[PDB]
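# Inside the fold
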Number of protein chains: 2
Amino acid sequence: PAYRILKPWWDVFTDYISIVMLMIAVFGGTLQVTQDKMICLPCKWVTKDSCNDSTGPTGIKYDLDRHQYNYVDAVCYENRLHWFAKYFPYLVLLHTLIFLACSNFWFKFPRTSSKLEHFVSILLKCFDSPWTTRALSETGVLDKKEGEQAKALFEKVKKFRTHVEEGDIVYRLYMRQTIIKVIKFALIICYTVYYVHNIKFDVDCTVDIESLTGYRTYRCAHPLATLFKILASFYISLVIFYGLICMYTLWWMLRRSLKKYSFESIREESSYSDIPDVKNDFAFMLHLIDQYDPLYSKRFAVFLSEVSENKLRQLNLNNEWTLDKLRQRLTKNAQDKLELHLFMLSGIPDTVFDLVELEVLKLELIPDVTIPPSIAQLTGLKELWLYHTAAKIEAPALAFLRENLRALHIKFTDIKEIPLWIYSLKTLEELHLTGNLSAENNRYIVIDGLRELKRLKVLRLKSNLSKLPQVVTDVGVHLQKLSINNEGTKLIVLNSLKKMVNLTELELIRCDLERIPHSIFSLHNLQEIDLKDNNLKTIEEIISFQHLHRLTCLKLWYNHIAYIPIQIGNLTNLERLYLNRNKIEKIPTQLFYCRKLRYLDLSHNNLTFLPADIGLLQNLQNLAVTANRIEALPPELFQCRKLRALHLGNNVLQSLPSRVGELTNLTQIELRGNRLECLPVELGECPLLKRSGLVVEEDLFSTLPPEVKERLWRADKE
Amino acid sequence: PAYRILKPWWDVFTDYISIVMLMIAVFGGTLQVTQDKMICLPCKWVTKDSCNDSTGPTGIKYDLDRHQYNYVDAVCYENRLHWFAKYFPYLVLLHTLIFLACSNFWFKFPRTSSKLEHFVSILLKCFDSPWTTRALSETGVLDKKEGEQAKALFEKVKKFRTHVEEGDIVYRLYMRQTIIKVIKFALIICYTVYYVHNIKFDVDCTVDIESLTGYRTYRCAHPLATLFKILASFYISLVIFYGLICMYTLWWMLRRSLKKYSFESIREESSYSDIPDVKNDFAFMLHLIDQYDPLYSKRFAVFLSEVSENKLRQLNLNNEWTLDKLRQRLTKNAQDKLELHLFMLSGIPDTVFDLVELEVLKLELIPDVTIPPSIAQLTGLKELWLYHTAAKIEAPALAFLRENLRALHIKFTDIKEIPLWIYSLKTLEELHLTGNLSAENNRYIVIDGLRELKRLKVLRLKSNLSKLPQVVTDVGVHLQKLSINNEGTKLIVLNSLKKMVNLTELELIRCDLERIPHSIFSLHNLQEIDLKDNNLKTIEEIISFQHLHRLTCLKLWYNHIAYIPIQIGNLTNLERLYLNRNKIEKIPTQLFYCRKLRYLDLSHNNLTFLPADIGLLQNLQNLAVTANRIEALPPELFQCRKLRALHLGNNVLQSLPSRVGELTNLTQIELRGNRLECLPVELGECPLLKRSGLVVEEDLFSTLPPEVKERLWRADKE
């Protein structure tokens with residue numbers, strides 16, 4: 001059936017003893033009801049209310065009719081026969097019924113019956129699940145339905161365990177009913193042994209009946225006395241055994257503290273040490289199961305272990321993300337390297353470590369992930385991005401990283417979630433800290449270990465830092481690229497950059513400087529300068545940039561500057577100048593003294609006209625003047641032949657010179673938003689020009705001869 | 001039901017006998033309770049407390065009313081009727097109940113009830129499993145679910161076997177209850193046969209009742225005496241049969257030692273000889289099953305054989321390692337041919353032999369590997385790798401390998417674990433021994449069979465040779481490439497290389513020569529010679545190498561040479577020369593006389609400067625001068641234009657000569673570890689120059705003008 005596992009050997013022994021006692025009770029009751037007469041005979045001679053018992057023999061004449069004998073039998077039976085001899089079977093029946101009631105009370109009381117049914121259903125479901133079979137076998141691939149069933153079983157087992165530990169009702173009812181059984185056995189044995197000698201075959205009744213029969217005392221015989229006596233002896237022996245069993249049950253329930261379950265055997269033998277001991281009302285059920293069969297408890301033990309749940313989740317992720325299905329999700333970043341980005345995953349699948357070709361791994365919002373040593377299988381992995389991810393490392397994996405790690409990007413909201421092994425990677429070249437290093441008024445101790453990286457070359461601090469850290473200044477002695485994104489927070493250098501003399505990039509995006517630092521003049525090794533959104537008003541510091549012999553990538557876009565300084569003519573080695581999103585009205589001629597410009601870009605600025613000496617800069621390749629008040633392009637703009645990109649959008653350009661055919665290198669040109677009424681007929685005289693190379697509105701697209709349109713459409717096939 | 005298989009014929013016979021005895025008990029009980037009266041009559045004439053039994057006949061007047069007769073009947077029934085006549089049905093009921101209880105004890109006792117239920121569940125599952133059907137049919141294609149279920153059933157059967165052999169409980173209870181049955185039958189027969197004569201129709205009761213009736217003795221009649229007597233005879237016959245059955249059960253359990261199961265008939269008939277005998281508490285259940293039906297035991301026996309587990313593993317391997325998986329798992333080795341690597345696999349999947357394009361097979365740590373004839377299905381297979389695997393091959397597959405096998409790789413630690421059929425492979429061309437052939441005071445007898453293979457070209461002995469085996473000396477007269485690696489173990493020749501006349505490769509890696517052997521001079525046909533890690537001291541024997549007019553690949557790295565002899569100039573055929581990892585203070589100029597050097601490399605040498613004569617080596621391709629204290633490079637060296645690779649690591653260099661720019665065939669060059677600070681501009685103009693070709697420090701790369709960097713990186717794509 002179903003509840004056979006919930007009854008220990010003593011319970012079934014008591015059940016069978018109760019059945020035998022019920023048979024005794026019904027046999028005695030049938031005996032009494034069918035015939036329990038008391039055959040009484042008056043005796044002539046009386047010796048203190050007792051019969052004296054003092055040619056051929058002859059019978060004794062009593063002159064009593066049959067009905068008088070029946071009456072004296074009835075009176076002597078009701079009055080002078082001991083109540084035990086008359087009511088033994090009924091007392092046995094009542095005691096057996098009470099024993100059965102107190103044995104089955106917890107099975108029938110709904111408050112505990114529901115809990116028992118829930119526990120047995122859960123135990124049966126957890127006993128036969130193949131996940132338990134696999135876990136016991138281990139002491140590769142499982143079906144999705146099986147994994148989902150195991151996950152649901154884990155969840156409901158945990159919820160049931162949480163719900164049950166506060167009950168403490170099944171154990172209380174079991175203990176109370178066992179106490180009732182023990183005390184009932186004590187009383188039954190005492191009174192039955194005391195009164196069993198009170199039943200006998202021959203009895204004497206002096207019932208005081210003279211006016212109806214004529215004799216006072218009667219010698220009476222009870223035919224069932226011997227049978228009732230042997231039945232009482234049998235019932236006494238049965239109750240003795242029942243009481244011994246109940247005493248054993250009490251001793252078992254009072255010498256173990258059954259509210260606490262050990263659960264140590266499996267966790268010390270199978271090494272499943274992460275199984276906490278259960279509280280009251282659940283240790284009792286497990287003890288009962290142990291008394292029935294320890295294997296059920298052993299198989300149910302796996303569902304309470306965190307290791308089992310964790311490896312179940314890992315197997316679920318392995319099934320969900322196969323190798324072929326995961327190579328599909330591989331993507332390429334801007335740097336053209338294989339990138340695997342995990343988003344909102346429950347963890348790191350172990351199948352991702354089979355991709356030897358993996359090069360970039362990005363982890364974003366995965367909770368409490370431990371990088372398994374299987375990462376040692378990978379070879380080409382160089383970038384690891386942990387955005388809001390706390391990753392814990394193992395010993396072989398940490399050494400593998402310290403040997404073969406190149407890049408690391410981490411974003412964090414609190415310091416406590418940053419890796420504690422980040423400093424152990426002494427070969428990391430580039431680091432990207434986009435968290436919030438401003439702890440509780442600390443001197444950036446959380447990054448004080450940045451000096452450990454002796455091969456650190458790129459820094460990407462974006463943490464709203466109020467000032468450049470001492471540790472950063474120390475580590476910048478061998479730093480190639482320094483990038484600070486202060487998000488508009490005011491930053492003060494205060495003579496802190498001259499320590500670094502090997503920096504090549506000094507990106508200062510949103511540092512809110514408002515002034516070009518005076519220490520940047522000491523970094524003659526700087527080549528790329530970016531000052532986006534620093535609220536810079538005066539940029540006359542170009543008067544000191546000529547000492548920097550490698551200044552070639554001066555970028556000053558997204559700023560508020562009025563007039564370009566003449567000191568630009570001081571510099572000569574400028575290759576990429578960017579001054580977009582500014583308010584500049586006049587373009588100086590001396591700016592063109594830098595004949596090495598390649599990617600000059602002046603777009604979204606309050607410009608008015610293009611100087612006619614731009615042809616003097618024949619090395620120009622790109623020039624984007626989108627969103628500017630440029631009335632017309634001067635012809636000298638087309639003197640250059642090396643120009644490639646030319647973006648003139650949202651500009652008031654009424655006319656376009658026909659000499660566009662002079663430039664063969666003009667690849668992409670953008671003229672959307674301009675006030676053009678007709679297009680040059682030499683626009684098609686460019687061998688290298690595709691559909692994406694021309695960006696104009698359709699309405700004016702047909703004003704040119706259709707032949708060049710057909711040529712362009714023919715060249716746009718592939 | 002389910003336990004009918006667990007009850008032999010004696011069990012069901014005893015159950016039916018107990019049913020019949022219970023019918024006797026209830027019939028006798030109903031008889032006694034319904035009417036068990038004893039009709040007594042007083043006798044007037046008495047002879048020693050016994051009735052004497054001494055015109056028309058007339059009745060005898062006793063002057064006793066009916067109630068006096070009832071009283072004397074009751075008294076004579078209780079006192080002078082034998083207890084057996086009154087309590088025969090109740091004793092029969094008690095004995096029947098005890099017999100039933102001791103028969104069903106083990107089924108109802110939970111400790112053995114759970115074990116029996118688990119055993120019968122496992123037996124029923126293993127009886128109808130189609131895996132047993134296949135195994136018995138064998139004395140094709142199997143579903144994945146069926147195979148998984150079969151593996152799980154195998155595992156749980158093994159676990160149950162491990163759990164049960166320590167029990168020894170069910171057998172003990174069965175033996176004890178059979179002993180109880182036998183002794184109870186003995187006592188029942190004794191007392192019942194002794195007291196059956198005590199029941200009789202006519203009885204005499206001298207009950208001493210004079211004050212109530214007036215007669216001393218009474219002749220009484222028991223109406224049920226004859227019915228009870230025939231019932232007792234029937235019950236005695238039934239008990240005799242029951243006792244004989246129990247005696248047979250005891251004899252069956254005491255002449256076979258049921259703790260141990262032979263299990264040898266099936267394992268000797270079906271060739272499943274690998275079925276170990278089961279221990280106690282599990283052999284007993286098998287004996288019971290044999291008593292019921294041997295077919296259940298035979299079908300359950302397959303799960304206890306290692307052979308069935310092995311073939312189930314093989315089938316699961318074939319189902320798992322599908323054709324597509326192995327096809328995708330094929331790799332390209334260094335030799336540019338299809339290769340497949342098997343690591344720690346339990347066997348070779350049969351789907352592997354369906355990859356006709358396979359050419360190289362690698363097996364490592366595969367235990368008890370058997371090559372089926374289906375390897376003849378493979379056609380492109382040419383090399384076999386047997387790493388720590390003992391391969392067993394049949395006649396057709398052996399012929400296929402004798403006809404279509406080129407190379408062989410075997411790894412071992414013992415002599416015996418190598419294949420004994422290796423010498424049967426006539427068309428073998430390459431051999432790879434990586435074991436320990438140094439046996440107990442033998443002249444390498446095991447490899448003595450190498451004389452069988454006259455078609456061999458490559459021999460790769462690696463067994464830490466102390467003396468060259470005579471078999472190798474005799475077989476080297478037709479050998480092409482001989483590579484020997486003793487891992488620093490001493491090697492002696494004593495005129496052992498003179499026998500060979502046509503050898504070309506003489507790799508003597510880590511053979512602890514400590515001196516150049518004098519037997520190598522006779523091998524004028526050698527072309528490649530290497531003496532790495534041979535503890536050499538002086539190499540002035542080059543005068544004896546003038547006989548070798550084909551010596552072009554003499555390698556002497558990883559040695560200890562004080563200086564290069566001046567006899568190198570006598571030779572002129574040097575094309576690949578190596579003296580790496582040595583301590584030589586200067587390179588003599590005569591060594592540069594040989595104009596046809598192409599792969600001269602001198603790395604990790606204590607060299608001071610390179611003579612200008614190195615500029616006459618216009619034919620040199622690769623030159624490695626890493627870890628050399630060369631202060632400057634001669635301009636004459638850069639005059640050549642056929643140089644292909646120049647590696648410079650950890651060298652004393654402050655600047656690079658400016659005439660390298662004239663080089664156009666320079667494919668690659670490295671300057672890592674040097675304290676250089678200036679990179680000449682003319683280095684940026686070269687037809688053969690890419691980012692991979694020139695790898696230098698990041699800081700030093702920024703000193704060159706950037707205009708060529710964009711052009712180079714734009715062509716770095718393809």
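Parameters at a glance
- Residues numbered from 1 in each chain as written, not as in the entry; some residues may be left out.
- Chains lettered and ligands numbered in written order.
- Part of a larger assembly, values for the part shown.
- Heavy atoms only, no water.
- Disulfide = S-S within 2.5 Å.
- UniProt positions renumbered as here; feature names shortened; annotations may be inferred.
- Buried < 20%, exposed > 50% of the residue type's maximum accessible area, 1.4 Å probe, protein only.
- Helix = DSSP H or I, 4+ residues; strand = E, 2+ residues; numbered from the N terminus.
- Polar contact = N/O pair within 3.5 Å; in protein donor to acceptor, adjacent residues only side chain to side chain.
- Contact = heavy atoms within 4.5 Å.
- Buried area = accessible area lost by both parts, 1.4 Å probe.
- Salt bridge = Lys/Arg side-chain N within 4 Å of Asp/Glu carboxyl O.
- Nonpolar A, V, L, I, M, F, W, Y, C, P; charged D, E, K, R; others polar.
- Pairing = 2+ DSSP bridges.
- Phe/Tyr/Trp six-rings, centres within 6.5 Å; stacked < 30°, edge-to-face > 60°.
- Axes fitted to C-alpha atoms, helices over the stretch in contact; angles between N-to-C directions.
- Parallel < 35°, antiparallel > 145°, perpendicular 65-115°, else oblique.
- Left-handed = near helix turned anticlockwise from the far one by under 90°.

For this deposited structure, the header cites cryo-EM as the method used and 3.50 Å as the resolution.

### Looking at the UniProt feature "disulfide bond" in chain A
All names here are of chain A. Of the UniProt disulfides, the one joining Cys 40 and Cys 220 is satisfied here, as the sulfur distance of 2.0 Å falls under 2.5 Å. The class for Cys 40 is buried, based on a relative accessible area of 0%. Only sulfur pairs under 2.5 Å apart are read as disulfides, and the UniProt pair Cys 76 and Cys 205, at 2.0 Å, is one of them here. Side by side, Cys 76 and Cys 205 carry an identical accessibility label, which is buried.

### What to know about the environment of B:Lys596
All names here are of chain B. Its location among the elements puts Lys 596 in the loop between strand 16 (553-555) and strand 17 (622-624). Considering only alpha carbons, one finds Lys 596 and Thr 552, 44 residues apart in sequence, at a separation of 9.2 Å. For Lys 596, the side chain forms a polar contact with the main-chain oxygen of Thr 572, separated by 3.0 Å.

### Here we look at the interface of chain A and chain B
Contacts between the two partners involve 49 residues from chain A, matched on the other side by 42 residues from chain B. Both faces combined, the contact of chain A with chain B buries some 4100 Å², and carbon together with sulfur accounts for 59% of it. The partner of B:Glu117 in a salt bridge is A:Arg4, and the shortest N-O contact between them spans 2.4 Å. Our count for the contact surface shared by chain A and chain B stands at 14 residue pairs in polar contact. Contributing elements (two or more residues each) for the side of chain A that touches chain B: helix 1 (9-34), strand 1 (39-42), helix 2 (66-79), helix 5 (130-138), strand 3 (217-221), helix 8 (225-253) and helix 11 (294-300) of chain A. The leading source of residues in the side of chain A that touches chain B is helix 1 of chain A, at 7 residues. Among the residues forming the side of chain A that touches chain B, the class breakdown is 28 nonpolar, 10 polar and 11 charged.

### Here's the deal with the sheet that holds strand 20 (residues 694-695) of chain A
Residues and elements named next belong to chain A. Pairing is parallel in the open sheet, where 4 strands are placed in the order 17-18-19-20. Looking at which strands have only one partner, the edges of the open sheet turn out to be strand 17 (622-624) and strand 20. Note: strand 18 (residues 645-647) against strand 19 (residues 668-670), 3 bridges, orientation parallel. Bridging across to strand 19, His 647 finds its partner in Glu 670.

### Some thoughts on the state of the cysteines
Residue and element names in this part refer to chain B. Under the definition given, this model contains 6 disulfides over all chains. In this model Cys 43 forms its disulfide with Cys 51; the gap between the sulfur atoms is 2.0 Å. Its torsion about the S-S bond being -80°, the disulfide of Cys 43 and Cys 51 is classed as left-handed. Here the two residues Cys 43 and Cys 51 agree in accessibility, since each one is buried.

### With respect to the sheet that holds strand 19 (residues 668-670) of chain B
Hydrogen bonds between backbone atoms are what pair the strands of a sheet, whose relative direction is either parallel or antiparallel. Residue and element names in this part refer to chain B. Read across the sheet, 4 strands follow the order 17-18-19-20 without closing on themselves; strand pairing throughout is parallel. Both edges of this open sheet fall to strand 17 and strand 20 (694-695), since each of them pairs with a single strand only. Bridging between strand 17 and strand 18 (residues 645-647) involves 3 bridges; their strand directions are parallel. By the bridge assignment, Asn 622 is partnered in strand 18 with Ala 645.

### With respect to the pairing of strand 8 (residues 383-387) of chain A
All names here are of chain A. Strand 8 sits mainly inside the fold: 4 of its 5 residues count as buried. Where strand 6 (residues 360-364) and strand 8 come together, 5 bridges link them in parallel fashion. Across the sheet, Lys 362 pairs through a bridge with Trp 385, a residue of strand 8. Pairing of strand 8 with strand 10 (residues 407-411), which is carried by 5 bridges, proceeds in the parallel orientation. Across the sheet, the residue bridging to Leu 386 is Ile 410, located in strand 10.

### Things to note about the packing of aromatic side chains
Counted by the stated rule, this structure contains 76 aromatic pairs over all chains. Arranged with centres 5.3 Å apart and planes meeting at 70°, the rings of A:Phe27 and B:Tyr90 form a pair that is edge-to-face. In this pair, A:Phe27 sits in helix 1 while B:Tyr90 sits in helix 3 (residues 83-108), so the two residues belong to two different chains. Overall, A:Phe27 belongs to the partly exposed group, its relative accessible area being 22%. With relative accessibility at 16%, the residue B:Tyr90 sits in the buried group. For the pair A:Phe160 and A:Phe282, a centre-to-centre distance of 5.7 Å together with 70° between the ring planes defines the contact as edge-to-face. Residue A:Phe160 is located in helix 6 (residues 144-164), and its partner A:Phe282 is located in the loop between helix 9 (264-269) and helix 10 (283-292); the two are separated by 122 residues in the primary sequence.

### Overview of the packing of helix 1 of chain A against helix 8 of chain A
All names here are of chain A. Between helix 1 and helix 8, the shortest axis-to-axis distance is 10 Å and the interhelical angle comes to 160°. Considered as vectors, helix 1 and helix 8 are oriented roughly antiparallel to each other. Crossing handedness for the pair helix 1 and helix 8: left-handed. Broken down by class, the residue content of the contact of helix 1 with helix 8 amounts to 20 nonpolar, 5 polar and no charged.

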